[PDB]
*Asks:* 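Below is the structure I would like to discuss, written out as structure tokens.
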Amino acid sequence: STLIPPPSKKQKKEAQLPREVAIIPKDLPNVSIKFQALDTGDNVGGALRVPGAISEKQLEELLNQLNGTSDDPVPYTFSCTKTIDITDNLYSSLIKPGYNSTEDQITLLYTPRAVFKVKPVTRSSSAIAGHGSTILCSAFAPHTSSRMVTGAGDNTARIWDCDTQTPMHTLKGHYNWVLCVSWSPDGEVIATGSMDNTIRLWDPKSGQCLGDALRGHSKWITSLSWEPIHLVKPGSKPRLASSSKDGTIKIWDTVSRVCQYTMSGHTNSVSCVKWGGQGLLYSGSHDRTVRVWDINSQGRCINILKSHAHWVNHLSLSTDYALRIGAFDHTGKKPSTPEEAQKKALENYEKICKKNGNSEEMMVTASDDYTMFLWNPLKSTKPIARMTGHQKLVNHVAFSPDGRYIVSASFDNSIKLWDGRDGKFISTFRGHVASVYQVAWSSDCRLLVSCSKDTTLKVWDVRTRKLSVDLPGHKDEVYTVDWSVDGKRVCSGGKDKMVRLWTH
Amino acid sequence: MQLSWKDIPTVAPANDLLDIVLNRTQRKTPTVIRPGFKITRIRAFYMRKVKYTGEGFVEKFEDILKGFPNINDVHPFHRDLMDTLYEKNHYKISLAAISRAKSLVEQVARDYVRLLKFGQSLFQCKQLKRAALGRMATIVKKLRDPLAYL
Amino acid sequence: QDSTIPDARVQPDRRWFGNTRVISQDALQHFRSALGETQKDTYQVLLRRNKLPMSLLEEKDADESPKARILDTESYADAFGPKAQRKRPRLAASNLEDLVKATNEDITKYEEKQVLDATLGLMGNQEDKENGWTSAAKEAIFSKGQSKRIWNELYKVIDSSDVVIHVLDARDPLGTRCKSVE
Amino acid sequence: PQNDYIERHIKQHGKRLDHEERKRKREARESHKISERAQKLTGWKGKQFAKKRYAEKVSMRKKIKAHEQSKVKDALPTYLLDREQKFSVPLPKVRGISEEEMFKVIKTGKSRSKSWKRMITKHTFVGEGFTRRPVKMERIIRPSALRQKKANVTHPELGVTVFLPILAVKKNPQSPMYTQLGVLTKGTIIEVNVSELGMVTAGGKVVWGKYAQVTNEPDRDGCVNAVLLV
Amino acid sequence: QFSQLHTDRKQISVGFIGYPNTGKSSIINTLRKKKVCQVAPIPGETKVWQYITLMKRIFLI
RNA sequence: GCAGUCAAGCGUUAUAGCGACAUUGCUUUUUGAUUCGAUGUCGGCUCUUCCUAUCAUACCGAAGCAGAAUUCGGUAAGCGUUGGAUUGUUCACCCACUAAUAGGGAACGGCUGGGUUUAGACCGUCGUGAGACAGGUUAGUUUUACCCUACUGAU
Ligand SMILES: Nc1nc2c(ncn2[C@@H]2O[C@H](COP(=O)(O)OP(=O)(O)OP(=O)(O)O)[C@@H](O)[C@H]2O)c(=O)[nH]1
Ligand SMILES: [K+]
Ligand SMILES: [Mg+2]
Ligand SMILES: [Mg+2]
Ligand SMILES: [Mg+2]
């Protein structure tokens with residue numbers, strides 16, 4: 001093992017020299033500060049003088065009192081513009097470095113955060129067998145973190161109980177490899193798209209198959225998306241959008257088990273399909289284009305975005321977390337009525353959608369031309385931003401659940417973190433020695449997990465922009481990774497025919 | 001300006017170019033060497049083979065590269081017309097592939113002449129010469145599509 | 001110069017199949033951070049270089065990505081020829097006003113570059129060939145110091161030297177510097 | 001003339017009056033011509049003709065087989081499809097190389113009477129921080145043209161070959177003296193840098209150094225080929 | 001100082017390089033305090049390498 | 001070259017083992033950008049002949065070969081294939097003329113410079129020394145023919 005250089009004699013003497021104690025001066029004068037919103041660019045209170053020994057919690061309570069929401073506060077994070085966050089207290093954050101003096105003003109950018117915290121996953125719960133071939137896809141249930149669906153190369157899917165780390169149900173309807181799996185946002189049905197050009201629906205509680213397989217695609221299924229709950233009218237079940245290698249996107253009504261629309265604008269294989277929150281569908285394909293279709297207009301393509309020079313491998317929406325979660329939250333509570341479920345899903349979606357004046361649904365496309373494009377398809381047709389810097393193809397891209405960050409995992413053994421609104425470059429996550437396949441955020445947008453070709457998972461802290469923990473244990477390549485809604489478990493699967501569960 | 005580019009020599013395909021250059025080496029250089037001769041004579045024989053083959057490949061590549069117009073340097077009307085007709089990206093990529101192949105052939109020739117300085121027997125010198133010619137041939141075989149396009 | 005033929009064998013052993021060098025993630029992070037904080041002094045010389053995985057350590061953020069490899073999507077045969085399937089430009093112009101603005105700009109830049117090269121090259125090399133005038137052959141004395149024999153001697157002395165002294169003329173020290181050798 | 005003027009001329013005036021008949025008779029004569037060439041061409045041209053005939057017959061048989069076959073009628077993820085690529089050593093015993101073949105006698109002196117200097121005729125790895133001994137005290141000579149720094153290493157698993165830097169020489173099978181001199185011959189165990197192979201231990205350590213065995217003669221073919229011992 | 005830094009090498013060599021007629025031979029003669037290297041105003045007087053022993057552990061080339 | 005793939009065959013009744021033609025990876029990545037140790041034999045002058053693996057000249061075949069020019073190839077050795085610069089090296093490289101400035105053998109299994117150059121001398125490295133060399137510089141007598149044969153002419 002290669003070791004770091006040892007300390008020298010002079011360094012040992014310096015260490016044995018007495019240390020300095022970071023103490024708060026009692027004669028610390030007041031500092032003039034001005035608040036400013038990161039999202040809206042609005043100032044509250046103007047120039048206000050605050051003591052030098054003010055804590056972050058006391059500053060948070062003061063800001064809540066200024067806003068007038070002392071009864072129901074919402075925790076905020078503060079930064080000062082280099083832009084440096086407020087870790088513990090103002091003196092140790094800004095005055096102790098000496099960049100800003102006491103006489104100067106402090107412009108504090110405040111940003112809302114999550115009430116709860118997710119602990120990082122530090123160890124492997126169990127290595128569960130049962131799949132006869134390599135694992136191809138996996139997902140967690142939206143309502144609970146005790147249910148995981150996993151589709152593999154033995155023509156089967158499996159429902160695993162994550163509480164006991166034991167198999168629960170076997171789903172053996174398909175004929176070829178189960179390429180993709182998905183859970184309904186209301187948690188009622190699992191949809192699996194296979195290599196035999198078929199789609200199947202499964203009741204998870206009984207481990208059973210609903211009717212016959214969905215047929216009509218002439219090539220294998222590439223991606224499955226569900227209609228959002230906040231757009232689904234109460235008393236009806238959400239529809240299922242499916243893409244495939246043949247270049248067509250089919251829409252399925254599961255209530256009547258029919259196909260309603262068959263969009264066919266792409267000249268090449270469709271990489272992915274996403275059902276957005278404003279009644280639109282976004283499709284990415286190997287013809288270097290992105291097609292925006294309107295569901296409400298008989299599946300007519302609203303727009304064609306052409307700015308990439310290669311296959312668009314993936315695309316992501318700002319509200320993807322809310323779209324996948326529906327009405328459920330991290331507490332796992334279930335609404336009593338379908339009307340209540342639709343209303344709560346609408347509120348959860350609007351929390352990300354409508355902010356700083358006008359509601360927007362940003363899209364990001366990661367392509368094989370080593371780049372990404374950031375679009376706002378509702379307002380403009382030109383791309384809002386171009387993200388460059390990856391030296392190889394960008395395989396995965398993910399918006400943070402709050403929509404304030406973008407993460408791109410590339411084949412150059414690297415991950416990149418970009419700003420979510422303007423698309424400017426923030427940081428690079430390094431530590432993988434093989435190509436990164438896919439990535440997954442945590443619920444509070446503070447932790448990230450990535451799986452790589454080097455048989456490892458890595459958990460990164462987004463705030464400090466460093467590697468939090470390294471998780472080995474897979475004997476071969478890892479293909480799928482997912483993080484639960486409540487932030488308690490992480491599932492991983494790959495060539496070793498084993499499902500690895502990770503917890504704190 | 002130039003206004004006309006009919007004076008470009010014929011571009012042979014990869015296998016035909018290989019046959020032309022290798023058979024030129026075989027015809028135009030002496031071919032009899034004996035194991036009973038001095039080791040300096042043997043080394044000079046195989047050095048001449050390697051150097052002559054490299055020069056032949058390089059001169060064919062240079063004839064290709066000098067004849068074709070510079071798409072960026074010509075008048076904008078000619079540049080737009082040739083971009084419409086021939087896809088400027090493919091045009092420049094093919095010519096750059098020719099240039100890279102020329103540099104690689106030169107490098108192989110220099111390296112193997114230097115290695116042949118230390119040959120100790122006819123068998124070793126013959127193996128080194130065959131290795132140099134085979135590496136050049138692999139470089140040339142990697143240009144099949146750009147040569148046909150050009 | 002012994003002529004006996006040795007018995008060259010490699011015995012079976014499990015030491016051949018184990019990892020010989022490994023590095024931890026913490027050590028990789030430490031060396032990645034240290035590469036960048038180094039402040040080289042002119043009066044410090046390198047006595048012994050530490051053995052490190054420099055391929056894993058030499059990671060630098062880059063603002064721009066390399067160009068997309070167009071041959072993967074479109075081949076030469078589909079680009080041009082009897083079997084060509086390209087019928088439209090890859091990137092069409094936005095509109096005719098932008099097209100004519102771009103062409104006028106290109107005409108202006110071409111004329112500026114033609115004037116800039118007509119200042120020197122056309123009044124130099126091109127005009128001489130019309131009258132049949134050729135420059136005299138370059139003298140062989142001016143290539144002294146560039147022979148393969150001399151440069152072989154130079155590489156010999158460098159390979160034999162622990163300390164190399166580069167001697168400069170105080171009258172023209174930048175003129176007498178061997179930057180390529182350095 | 002401009003554009004496709006020969007085709008326009010053919011469209012406007014036709015061809016020569018006997019063009020079709022002449023072409024038909026030449027194509028009928030082609031079989032006799034091929035047989036006469038096969039029986040008449042001598043030397044290198046004849047050998048090349050026979051080789052090309054064999055290749056053409058093989059290609060024709062493959063085309064017939066493919067047509068008849070057509071007339072009769074790894075579990076990768078979605079983002080990876082539509083994309084392409086005992087403790088015994090593989091060479092337990094290699095050819096013995098004597099010192100007479102390994103070393104060349106270098107004579108010194110004005111009358112060439114001293115013969116104490118020796119030159120290694122094989123490819124070597126000298127390592128980092130190498131400086132030549134002073135010429136008066138330099139007995140063993142390893143010329144710079146024969147020094148190697150990298151090798152083409154083939155991985156048995158995953159079936160790839162990578163150009164890797166050489167770290168050390170572990171065991172030359174001929175002799176420990178050749179091992180310490182750094183001689184790269186067939187069957188030599190070397191140490192290679194495998195950082196770009198992305199190997200991780202079961203404990204999370206990044207592997208960047210392993211063993212490989214040289215499987216060719218770099219003195220003969222001018223390069224070092226090795227098999228990684230996994 | 002360089003010799004002391006390489007005290008484990010048993011000897012060090014210092015090679016003089018540069019443009020023709022810059023004075024490498026003159027500098028070596030200055031260090032030896034004796035005309036051991038031939039010197040001329042015409043460029044190219046020195047044609048091959050030459051070893052000079054300055055001290056027991058220091059050679060000049 | 002190494003490692004692998006395929007399969008016309010060969011082998012077999014144990015889908016063991018060989019294996020032509022093809023083909024992949026490394027060497028070597030896309031926008032025509034920008035000298036690294038020959039350890040023991042070399043070059044001239046004069047002059048003849050031979051080979052063809054043909055550079056030019058003769059005649060042909062093919063090619064988007066319009067014309068002009070050029071490229072590849074076939075028969076072909078009848079006939080030609082140059083003048084110079086450069087030794088702080090040239091196991092070559094430039095300038096020009098030219099129809100063209102093709103390759104090679106009969107040595108490398110007479111004058112003449114490099115070279116086996118012995119005695120004089122100096123510098124450098126090594127050796128306690130006699131001396132030797134990692135080396136560098138300079139100066140240094142070998143002198144048939146009228147014999148036989150061959151060849152050229154003459155009785
Ligand atoms: N004025 C002055 N002249 C110097 C000095 N050093 C060298 N010279 C002169 O410069 C000329 C070059 O001397 P060299 O010692 O032969 O220089 P070099 O670099 O060894 O040149 P080459 O051996 O030919 O490559 C000599 O005539 C010296 O007299 C100096 O320090 N001052
Ligand atoms: K001088
Ligand atoms: Mg000098
Ligand atoms: Mg002939
Ligand atoms: Mg003498």
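Letters A, B, ... are given to chains in the order of the sequence lines, protein chains preceding strands, and every chain is numbered from 1.
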*Asks:* Sorted by first residue and then second, give each side-chain hydrogen bond (donor to acceptor under 3.5 Å, both in side chains) pair with at least one member in residues 28-37 of chain B; sequence neighbours left out.
*Replies:*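 Counting only pairs at least two positions apart or across chains, the side-chain hydrogen bond (donor to acceptor under 3.5 Å, both in side chains) contacts touching residues 28-37 of chain B are B:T29-B:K49.
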*Asks:* Need one value for D:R61: base, sugar-phosphate or nothing, where a base atom within 4.0 Å counts as base even if backbone is also close, heavy atoms only.
*Replies:* sugar-phosphate
*Asks:* Decide whether a cation-pi geometry holds between B:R24 and B:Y52; the criteria are a distance under 6.0 Å from NZ or CZ to the six-membered ring centre and an angle within 45° of the ring axis.
*Replies:* yes
*Asks:* Using a strict cut-off of less than 4.0 Å between a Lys/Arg side-chain nitrogen and an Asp/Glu carboxylate oxygen, indicate whether D:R147 and C:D159 qualify as a salt bridge.
*Replies:* yes
*Asks:* Could you check whether B:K129 makes a cation-pi contact with B:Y46, meaning its NZ or CZ is under 6.0 Å from the centre of the six-membered ring and within 45° of the ring axis?
*Replies:*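 So B:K129 doesn't make the cation-pi contact.
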*Asks:* Would you please classify the geometry between the B:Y91 ring and the B:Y86 ring as parallel, tilted or perpendicular, with 30° and 60° separating the classes?
*Replies:* parallel
*Asks:* More 5' along RNA chain F: D:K104 or D:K136, using each one's nearest nucleotide?
*Replies:*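 Result: D:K104.
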*Asks:* For nucleotides 68-81 of chain F, give me one character per nucleotide, 5' to 3': B if any protein heavy atom sits under 4.0 Å from the base, S if the only such contacts are to the sugar-phosphate, - if neither.
*Replies:* B--SS-SS------
*Asks:* Closest nucleotide of RNA chain F for B:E55 versus for E:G44: which of these residues is on the 5' side?
*Replies:* E:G44
*Asks:* Going by number, which of residues 45-61 of chain E have a non-hydrogen atom under 4.0 Å from RNA chain F?
*Replies:* E:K47, E:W49, E:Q50, E:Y51, E:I52, E:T53
*Asks:* Hey, does the side chain of D:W44 reach the backbone of B:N23 with a donor-acceptor pair shorter than 3.5 angstrom?
*Replies:*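 Checking the backbone N and O of B:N23 against the side chain of D:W44, no donor-acceptor pair under 3.5 Å is found.
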*Asks:* Can you tell me, in whole Å, how much space there is between the P of F:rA145 and that of F:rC91?
*Replies:* 41 Å
*Asks:* Ignoring backbone atoms, establish whether C:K138 has a side-chain N or O less than 4.0 Å from OP1 or OP2 of F:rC94.
*Replies:* no
*Asks:* Any base atoms under 4.0 Å from B:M47, or only sugar-phosphate, or nothing? Heavy atoms, all strands.
*Replies:*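 The residue B:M47 makes base contact.
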